[PDB]
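Single-structure report; data block below.
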Amino acid sequence: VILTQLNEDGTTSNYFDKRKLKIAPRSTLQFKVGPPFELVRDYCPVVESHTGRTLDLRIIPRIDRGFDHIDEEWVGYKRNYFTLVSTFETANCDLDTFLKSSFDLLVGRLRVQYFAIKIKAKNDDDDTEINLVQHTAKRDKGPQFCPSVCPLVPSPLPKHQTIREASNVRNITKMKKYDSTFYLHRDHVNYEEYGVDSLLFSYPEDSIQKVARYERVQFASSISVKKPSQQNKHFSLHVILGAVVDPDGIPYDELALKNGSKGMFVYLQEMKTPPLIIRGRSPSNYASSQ
DNA sequence: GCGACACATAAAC
DNA sequence: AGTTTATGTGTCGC
């Protein structure tokens, strides 16, 4: 009934079929590593502004809630939360150096203001985009919102156990414990060490995330989970790393910029999951029917 | 099949 | 040690 795999950090992922077994909502058995991500492609090259060195980039994503591996399929539930986390790394540049440097897109050179991640859901068979929604912990007693673009600096991805532990922390002392893992506070650096043109100082806010954490995520309530043939639709979750540039023929999305104008999120790299099945609200998707 | 409201139960403190 | 929080899911009414 429960199939167990050891995660990288020694925690377990415990896969079970909610059609057959009901587990408590706050059980640690609801936390588990989801499907592994794969490269879709690399897009615009990025170079350091004096050396000309190409910046090596890699997205490091993981799903930590919401998906079970059940007989060779990855299965989620429309009504339930998933968690998708991601960082990125720069193989050839340590963070401290990276933040003092400046970088251009090779298209002919657009200056990078900052790096950021976004996520999307798609129908994996036809590339149609599917809406995602997020809640706060208050769920129906708080607002609903669509996942946002997350400015980020390079960082290792926290272990599954760390994401689990930090999921519902309010206590101030405990929050302090995790702060350095999730945030860089630009207002606490020595400003005299940095040039006006430095990458750190073109980030839009002082509080800069080191990890993009999309928690309490669902597919939009209106998604059809089956095809007309009654076969399951196949979905995929995508993570896109971009460079945000000032707007004034390569893939990009428009972005609501800080100063009011509309800039460009220029694609750098994209990863996606294998095909995903989503179980809808039908009673037959739950053990209560049996 | 979906929005709303309800109940239940382990985590968080 | 008890209370509140957070979240899977049961149920009602259209």
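Chain A is the first sequence line, chain B the second, and so forth, proteins listed ahead of strands; every chain is numbered from 1.
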Integer-rounded Å distance: [N] [atom2] and [X] [atom1]:
X: A/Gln134; N: C/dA6; atom1: CD; atom2: P; result: 16 Å
X: A/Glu165; N: B/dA11; atom1: CD; atom2: P; result: 13 Å
X: A/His135; N: C/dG8; atom1: NE2; atom2: P; result: 12 Å
X: A/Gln30; N: B/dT9; atom1: CD; atom2: P; result: 14 Å
X: A/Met175; N: B/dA12; atom1: CE; atom2: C1'; result: 13 Å
X: A/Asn171; N: C/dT5; atom1: CG; atom2: P; result: 14 Å
X: A/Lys176; N: B/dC13; atom1: NZ; atom2: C1'; result: 17 Å
X: A/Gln290; N: C/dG10; atom1: CD; atom2: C1'; result: 15 Å

Is the phosphate of [N], meaning OP1 or OP2, less than 4.0 Å from a side-chain N or O of [X]?
X: A/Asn80; N: C/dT7; result: no
X: A/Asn168; N: C/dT7; result: yes
X: A/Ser288; N: C/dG10; result: yes

Inset, instruction - Let me see the working for A/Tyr252 and A/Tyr43 under ring-ring contact (aromatic ring centres under 6.0 Å, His included), right down to the final yes or no. - result: CA-CA 10 Å; A/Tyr252 76 95; A/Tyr43 296 94; over 10 Å; no
Inset, instruction - Answer yes when A/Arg279 and A/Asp17 have at least one side-chain N-carboxylate O distance shorter than 4.0 Å, and no when they do not. - result: yes
Inset, instruction - Go through residues 18-26 of chain A and report each residue with a non-hydrogen atom lying under 4.0 Å from DNA chain B, sorted by number. - result: A/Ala24, A/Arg26
Inset, instruction - Enter the distance from A/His188:NE2 to A/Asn190:CG here, rounded to the nearest 0.5 Å. - result: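 Here the interatomic distance stands at 13.0 Å.
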Inset, instruction - First locate atom CG of A/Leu99, then atom CD1 of A/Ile208, and finally report the distance between them rounded to the nearest 0.5 Å. - result: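 Result: 7.5 Å between the selected atoms.
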Inset, instruction - Could you run through nucleotides 1-7 of chain B and give me one letter per nucleotide, 5' to 3': B if any protein heavy atom sits under 4.0 Å from the base, S if only the sugar-phosphate is that close, - if neither? - result: -BBBBB-
Inset, instruction - Going by the ring-ring contact (aromatic ring centres under 6.0 Å, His included) test, name the single residue among A/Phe37, A/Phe82, A/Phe235, A/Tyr15 that passes it with A/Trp74. - result: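 Checked A/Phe37, A/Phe82, A/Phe235, A/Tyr15 against A/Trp74; only one passes ring-ring contact (aromatic ring centres under 6.0 Å, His included): A/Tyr15.
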Inset, instruction - Could you walk me through whether A/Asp94 and A/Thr97 pass the side chain to side chain donor-acceptor pair (under 3.5 Å) test, one step at a time? - result: CA-CA 6 Å; A/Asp94 68 278; A/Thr97 297; 2.7 Å; yes
Inset, instruction - Report yes or no: do A/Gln30 and A/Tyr81 form a side-chain donor-acceptor pair below 3.5 Å? - result: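 Side chains of A/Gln30 and A/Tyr81: no pair found under 3.5 Å.
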Legend entry - Positive for side chain to side chain donor-acceptor pair (under 3.5 Å) with A/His238, one of A/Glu129, A/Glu270, A/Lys272: A/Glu270
Show me, pair by pair, the donor-acceptor contacts under 3.5 angstrom made by side chains of residues 65-72 of chain A, not counting sequence neighbours?
{"unit_1": "A/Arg65", "atom_1": "NH2", "unit_2": "A/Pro25", "atom_2": "O", "d": "3.2"}
{"unit_1": "A/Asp68", "atom_1": "OD2", "unit_2": "A/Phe16", "atom_2": "N", "d": "3.1"}
{"unit_1": "A/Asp68", "atom_1": "OD2", "unit_2": "A/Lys32", "atom_2": "NZ", "d": "2.7"}

